[PDB]
Ligand SMILES: CCCCCCCCCCCCCCCCCC(=O)OC[C@H](COP(=O)([O-])OCC(O)COP(=O)([O-])OC[C@@H](COC(=O)CCCCCCCCCCCCCCCCC)OC(=O)CCCCCCCCCCCCCCCCC)OC(=O)CCCCCCCCCCCCCCCCC
Ligand SMILES: CCCCCCCCCCCCCCCCCC(=O)OC[C@H](COP(=O)([O-])OC[C@H](O)COP(=O)([O-])OC[C@H](COC(=O)CCCCCCCCCCCCCCCCC)OC(=O)CCCCCCCCCCCCCCCCC)OC(=O)CCCCCCCCCCCCCCCCC
Ligand SMILES: CCCCCCCCCCCCCCCCCC(=O)OC[C@H](COP(=O)([O-])OCC[N+](C)(C)C)OC(=O)CCCCCCCCCCCCCCCCC
Ligand SMILES: CCCCCCCCCCCCCCCCCC(=O)OC[C@H](COP(=O)([O-])OCC[N+](C)(C)C)OC(=O)CCCCCCCCCCCCCCCCC
Ligand SMILES: CCCCCCCCCCCCCCCCCC(=O)OC[C@H](COP(=O)(O)OCCN)OC(=O)CCCCCCCCCCCCCCCCC
Ligand SMILES: *C(=O)CCCCCCCCCCCCC
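Protein chains in written order, with the authors' numbering: chain Z, 3 to 173; chain s, 1 to 122; chain r, 65 to 126; chain v, 4 to 158; chain w, 75 to 123; chain W, 18 to 80; chain M, 1 to 140, 145 to 459; chain L, 1 to 540.
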């Protein structure tokens with residue numbers, strides 16, 4: 003299963019079927035036929051296979067990368083430290099890509115799950131999506147195909163000079 | 001379809017434009033005109049997933065018709081009276097829109113007569 | 065071997081696809097996202113148990 | 004195959020013209036080459052620029068899909084004048100009248116679409132009026148703010 | 075069969091799961107989902123003017 | 018051409034059917050691992066960072 | 001990479017010590033073993049390349065090129081053994097040795113960590129290729149070599165020696181971290197052209213492309229396969245390694261050459277609609293497809309590099325299959341005239357099915373990796389400018405047309421009356437078609453291994 | 001949840017199973033077309049259960065079942081979208097396809113490549129259900145190019161003929177000119193909205209969406225044979241009659257209309273796209289239905305008929321009424337496939353005769369074909385309470401009663417009259433009059449394949465408009481208050497077309513020889529449009 007905190011969902015409230023007419027619908031009979039003929043054999047096969055899994059339980063792990071010094075506190079043209087900073091920045095870049103992907107998954111799931119009232123009910127997911135895409139665009143856009151930590155730091159310094167001049171001319 | 005020729009081949013100063021109207025106050029000619037009363041609650045149609053074209057001042061008959069159309073399955077022809085209620089209320093809303101258009105036409109005729117009497121007097 | 069077509073082309077694919085959708089696709093987040101069911105005034109929720117209060121008496125027209 | 008049957012340079016002397024007409028397997032008086040400007044055609048004949056549709060369709064051809072005979076000098080654009088591609092066949096209506104009718108019909112129809120877009124047709128009704136501040140929260144309005152009240156009246 | 079079972083080719087799956095950590099870390103502590111700055115602006119000297 | 022297609026099906030299935038049945042036996046009997054947190058002081062090997070057993074064998078043996 | 005170079009060199013005693021009838025079977029078997037071995041190059045990571053030694057390293061750019069290079073040799077041995085069955089046995093072993101030596105040069109051209117070792121291997125690949133084309137080609145100046153080496157290889161040599169003396173190293177791993185911005189000047193402008201024009205000719209670039217529709221026609225089948233499958237991609241690989249150093253001058257110096265490609269893929273594609281030679285049609289199609297690789301490298305966005313490496317791998321596969329189909333017709337009618345033999349689906353249905361699949365992957369039918377590369381290049385060039393899509397889309401009209409016209413001219417219509425030596429398809433030929441097409445179809449099931457260093 | 005998505009994917013996997021059957025063979029089949037017909041029957045019955053449990057509630061979902069490719073911000077998953085459009089187009093397409101293949105067991109019975117024919121026809125069905133169940137633009141482009149390539153392969157079915165390959169390559173050229181606009185649309189959505197998934201496109205809600213909608217309109221102009229890019233559909237009658245019946249009437253040619261219906265939340269916020277669609281659709285439904293007035297090849301007449309109906313669909317997308325356009329698709333499929341099937345029965349009975357000037361006397365000679373073709377022509381013209389009444393007339397009721405281009409409305413009404421004109425032209429030259437065909441009458445229609453195949457689409461053409469139109473939920477508000485000259489517009493102009501063309505038909509029995517003027521030579525030569533652009537543009 004997954005975490006309901008990183009993938010939030012509202013509680014699914016279905017209404018109980020109140021048939022106004024007297025005619026028996028084929029949906030409930032096909033549902034019970036699906037539950038007898040299909041659901042129970044698949045479930046028993048999965049129970050046997052899951053027992054066969056649990057007869058040899060063994061675990062894999064999520065690899066943890068400790069923080070190394072970034073490109074800023076690396077000396078210039080010292081490949082032994084800026085290599086580590088570059089691999090740090092590349093792993094963080096790929097993880098930021100997948101964070102933007104998770105927010106896209108939330109936005110699409112909210113839009114489909116709300117249906118027609120999506121423009122009303124998914125303003126929060128749209129706002130979080132706008133925040134994370136604005137952050138990704140300020141962080142990594144227009145670096146080109148030969149992107150590096152140096153190019154990203156140069157973009158961040160140019161952005162900080164523009165923001166500093168904008169704040170200073172305001173005061 | 002007389003209004004097309006009355007706006008194109010006659011004069012345009014007295015026929016009301018479709019885009020920017022009503023050009024008059026709501027109570028200009030109406031003493032104690034009541035506001036429209038909404039029947040459907042906003043959350044009741046937020047939970048009814050209605051199209052925003054359909055979230056007008058008469059969507060409560062549409063909510064009743066959709067509850068009928070869901071509940072009367074498979075008998076898909078057992079909801080004619082709810083449909084005719086909703087169509088009759090749409091007909092009354094269309095008649096109210098026609099009354100809006102005719103009110104605008106008669107106020108522009110009123111303005112035409114007013115400016116002609118002002119020109120002939122002064 | 066008279067209804068072998070309904071067995072080998074329906075029942076075995078329904079088994080395979082329901083197994084794949086239940087234990088590998090729905091176990092993943094947001095893969096089968098179902099639109100929530102339309103709630104009317106007059107519904108009874110199976111999950112919460114609260115009956116939705118109905119609409120106002122109508123300003124009758126006929 | 005050898006050298007003196009392949010295409011060579013453009014002919015200058017009339018005996019070279021006669022030897023090339025014997026080379027291209029055709030009459031000398033119907034042998035006419037391309038204009039010598041340097042486009043690289045050589046001694047190749049200017050066939051009369053008719054497609055393979057106007058060739059005899061009932062005739063026993065060597066190549067019945069192309070309607071062509073063995074040894075006959077092919078057109079320079081023989082790949083182009085195939086019956087999958089551009090034709091030279093006559094139409095019962097002239098080319099210039101077809102250009103005039105097609106261009107005039109397209110221009111007159113699109114001009115009448117522009118005129119009708121300038122002059123729309125519509126219904127003798129007002130705008131469709133919507134509750135809850137003309138559907139402010141439904142059209143995506145933020146809940147922290149409050150719009151101006153859009154209140155409609157009975158008529 | 076070999077290409078089908080490449081052990082997390084160029085660590086995308088990890089990067090999904092690691093993302094599934096970090097968003098979960100920054101829904102709890104109220105931090106925004108992603109900063110506009112990649113590095114800390116305290117550890118950046120700027121060319122003065 | 019049909020002899021080529023018979024040979025093509027035979028020589029693909031000749032190791033495809035053992036590979037399909039073997040992956041089926043691994044996924045039924047041996048089976049997919051389960052995600053867990055690292056113990057306090059335990060160092061995993063690199064092939065113990067992968068979920069599928071064939072991927073674990075590939076990362077251990079060759080990579 | 002030493003675990004691949006040494007079996008490649010052991011293919012030399014494996015091809016000379018073998019028996020008089022065993023030098024195709026042994027070489028094909030053991031080269032397929034090396035091609036199965038080649039999948040260990042897929043030990044790639046999202047941050048770090050697979051760095052073996054000071055001399056050799058293999059990131060996710062060189063890895064699909066290496067797998068395609070080591071896969072191409074058994075396919076060339078299957079292709080070239082029919083028409084060499086009337087050749088002398090020692091010259092047969094000479095041909096196989098030239099192919100093995102060319103593979104040897106290529107597999108350490110793509111894995112050269114250092115740039116002048118890349119240059120020496122890059123200009124060493126031309127010698128077995130020229131021996132193969134001039135000796136086992138069919139028909140009969146030479147000024148193309150001179151014009152190639154004036155505007156190409158030795159300006160690249162002087163340029164790399166200049167980078168060696170300025171930076172201190174031509175290691176690509178060091179030059180990832182010691183790259184300097186290259187400002188606007190005239191010295192840096194001729195520096196940029198000296199670095200780029202050798203690979204520009206090796207792509208080919210439009211206007212510099214006329215060497216290829218003659219070198220494909222004067223080649224045997226193995227020469228055509230190794231030209232259009234790998235040797236044209238040495239230019240793209242060298243450009244993707246050399247545009248690191250050439251920033252930000254490329255941001256205003258890529259403007260001319262992109263024009264030459266964006267119009268060139270319009271022209272050569274249309275030239276493919278007016279061909280009589282089938283092999284020249286495949287050659288001009290190869291030029292029109294490599295034009296998009298030139299564009300995607302010169303605009304240097306990530307989506308463009310992913311599309312360009314996908315298009316390189318997919319085009320190597322597709323063009324090699326088209327040359328092998330043209331070989332299968334040349335070994336029956338003894339003439340490369342496309343309008344000569346027609347209607348061949350009436351005689352060879354499975355070979356016409358392979359023609360259909362090759363023409364579908366030629367016009368980038370989704371979800372093939374041809375369409376994946378084509379589509380990502382079109383996305384990145386739409387990001388470059390919103391007008392180029394027209395020049396893309398018009399191309400994607402014409403790239404359908406000659407893909408199907410070639411399918412309609414040869415394989416459809418009425419069969420030719422005066423040609424009665426059309427044999428049924430041999431098992432070797434359909435095996436060659438299937439070993440070209442089935443990897444190309446299977447890569448549609450998992451394309452992330454052929455999408456370069458920045459997927 | 002467990003039933004809906006399961007049977008959704010079971011329909012598609014069941015369609016893919018005979019491809020594995022025809023590819024994993026050694027022996028000669030015990031009637032493989034019967035196997036594919038039984039398979040598509042079963043896929044229709046399988047797809048009817050999610051349709052019923054969508055009629056019950058309105059249960060939409062998405063099956064994003066296989067994560068295929070992640071290009072740094074683009075998660076291309078194998079994503080299926082089961083909404084109203086899939087739930088109402090998939091069983092109609094399966095029912096029409098099952099009828100076409102039981103027709104095809106008889107029409108293509110003397111073919112020694114019947115297995116390849118049914119393989120190609122099932123590949124077309126698989127690609128179209130990729131096209132209409134797609135949730136991202138890449139999978140929709142797969143289905144789009146798939147129906148384009150199967151259009152090539154099924155137009156050039158008799159590949160020895162030069163005109164068949166010519167029409168196939170022509171169809172490819174016009175569809176790739178549409179593909180320019182579709183790849184333009186994909187490029188715009190990736191660069192400006194970072195997505196090909198329809199959910200994020202609908203959620204982000206772009207305002208400056210002129211360029212992607214012009215791309216989609218160019219894609220539909222290529223695919224749905226609108227004006228500028230129409231002539232490949234009159235050329236596309238060169239293939240077999242079940243090809244022109246399945247693909248080029250009901251299944252392939254609606255894909256551009258289906259593309260513009262699928263993008264209705266973007267077209268409903270843009271008046272410029274609505275105006276372009278309205279003008280181009282009125283242009284198409286004028287021009288193609290006018291070119292149908294002067295033809296004698298019956299498949300050309302029904303090809304211009306289905307292109308005129310596609311232009312009417314483009315009109316009712318241009319008036320911001322997408323669900324009425326989609327109901328006109330699902331209505332149009334039944335009787336237009338049946339009209340091509342009855343025309344093919346007339347062709348096969350008269351020894352491959354497609355020219356209506358050598359037909360006649362077939363009122364009692366082919367009575368079941370006569371009955372079914374009269375019912376199809378009436379359901380084409382908008383006879384009251386047949387299936388074509390339940391969408392097409394409603395289109396007119398919303399084409400009059402809206403803020404609309406008036407000239408586009410007037411051309412729509414002229415096209416509505418022209419439909420009745422060529423329908424009674426078909427009935428007069430084909431079923432009415434006297435025999436004009438040769439002397440050895442081998443007229444026969446006594447095969448249970450042919451009877452059952454026309455019979456099921458005839459039950460469809462009698463009942464399916466009523467049944468589908470009463471089973472939908474209301475996604476719009478129907479305009480139901482209008483003046484009596486404006487309610488009775490389409491029926492009156494249709495009857496006027498009937499009567500004026502009965503005058504035109506009764507002119508033919510007069511013994512007077514008239515020289516044809518520029519109107520007959522204009523329309524008979526296809527409005528002069530396939531003459532110039534097929535000679536002048538490839539020359540340059
Ligand atoms: C089949 C043989 C065919 C002939 C052989 C030759 C085949 C060709 C040669 C291939 C050679 C190898 C090539 C490389 C592939 C290797 C395998 C691989 O990578 O597989 C990938 C992938 C991953 O497999 P994996 O990595 O092993 O699984 C990882 C998990 O950890 C694993 O999870 P888990 O461990 O939890 O799962 C264990 C799983 C075992 O896992 C496997 O089997 C997977 C491994 C084998 C896969 C082989 C793939 C080969 C190619 C298949 C596809 C093409 C086939 C040909 C064409 C078909 C028609 C199109 O157990 C089961 O599945 C058992 C349940 C069976 C259900 C059915 C019966 C239930 C009711 C029974 C009632 C009776 C008894 C009741 C009482 C019992 C009491 C005790 O496998 C698949 O995708 C399997 C294929 C089927 C998937 C679902 C298909 C339906 C999807 C529908 C929607 C999408 C399509 C839409 C189309 C739209 C129209 C166009
Ligand atoms: C990793 C495990 C993978 C397992 C699954 C396998 C995945 C696919 C692999 C390739 C499958 C096709 C191979 C056979 C076709 C080529 C030879 C041929 O003509 O055979 C006909 C022959 C039967 O015909 P025949 O009457 O005997 O002789 C032919 C006639 O003379 C005259 O011939 P014809 O004209 O009547 O028939 C040719 C016909 C002509 O039809 C066409 O040309 C129309 C096709 C294009 C339009 C329709 C499709 C559009 C795209 C949608 C589909 C893809 C996405 C679907 C998913 C949903 C949406 C995303 O094409 C077909 O019937 C082929 C159907 C499959 C086509 C695949 C795509 C080709 C289109 C071009 C590229 C498209 C992009 C790449 C897509 C890749 C997808 C995996 O079939 C065989 O003998 C089959 C032998 C066994 C083949 C094994 C293939 C796998 C090899 C890999 C080995 C290692 C992995 C283990 C897997 C083993 C699986 C068994
Ligand atoms: C690589 C560069 C050089 C190019 C040339 C290389 C030549 C040498 C060849 C070496 C061997 C081959 C290498 C490439 C292998 C690619 C295949 C591969 O491994 O895939 C992995 C992919 C992996 O996909 P995945 O990413 O989902 O993997 C999941 C991860 N695991 C398995 C660990 C859980 O395998 C599959 O996708 C298999 C899926 C099942 C089989 C296919 C089912 C569908 C088939 C079609 C059904 C019908 C549909 C309708 C069609 C109708 C007709 C048109
Ligand atoms: C017909 C024979 C079938 C098998 C019969 C015998 C086996 C028993 C029956 C049950 C089936 C086997 C067990 C369940 C299946 C395995 C479950 C599992 O873990 O699957 C792992 C995975 C699930 O995906 P995933 O997300 O876990 O892994 C992908 C890997 N990453 C994330 C790194 C990208 O693979 C599959 O399930 C593959 C199924 C593919 C089905 C459709 C194939 C279509 C091919 C189209 C190619 C081109 C597409 C282009 C467009 C795409 C969209 C833009
Ligand atoms: C929303 C906006 C909508 C806008 C709509 C208007 C825009 C499009 C304008 C029209 C463009 C297409 C028409 C012009 C080219 C038509 C080519 C064609 O179809 O030729 C058909 C011809 C055979 O047909 P025919 O002779 O009729 O067959 C009878 C049987 N013997 O076949 C041949 O002769 C074969 C020819 C092969 C060589 C063709 C070389 C030219 C290729 C031209 C590609 C055009 C690319 C356009 C790019 C647009 C980018 C935006
Ligand atoms: C007022 O008359 C405007 C109505 C809308 C535009 C004119 C429509 C004319 C055609 C409809 C009536 C046709 C009756 C046979």
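Using N, Cα and C, we set each Cβ at its ideal position, and we do this for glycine too.
query: C-beta neighbour in chain s for residue 25 of chain Z, strict 7 angstroms; result: yes
query: For residue 44 of chain s, the three-state DSSP class (helix, strand or coil); result: helix
query: Rounded separation between residue 37 of chain Z and residue 82 of chain r - CA only; result: 11 angstroms
query: Runs of alpha helix (DSSP H) wholly within the segment 295-354 of chain L (minimum 4 residues, chain order); result: 298-318 and 322-349
query: Cutoff 7 angstroms: residue 107 of chain w Cβ touching any chain Z Cβ; result: yes
query: Helix, strand or coil at residue 71 of chain L according to DSSP, with G and I counted as helix; result: strand
query: Near ligand 2: residue 116 of chain L beta-carbon under 6 angstroms from a heavy atom; result: yes
query: Chain s contact for residue 441 of chain L (CB, 7 angstroms cutoff); result: no
query: Chain s within 7 angstroms of residue 105 of chain r, Cβ atoms only; result: yes
query: Residue 192 of chain M to residue 168 of chain M span [Cα, whole Å]; result: 15 angstroms
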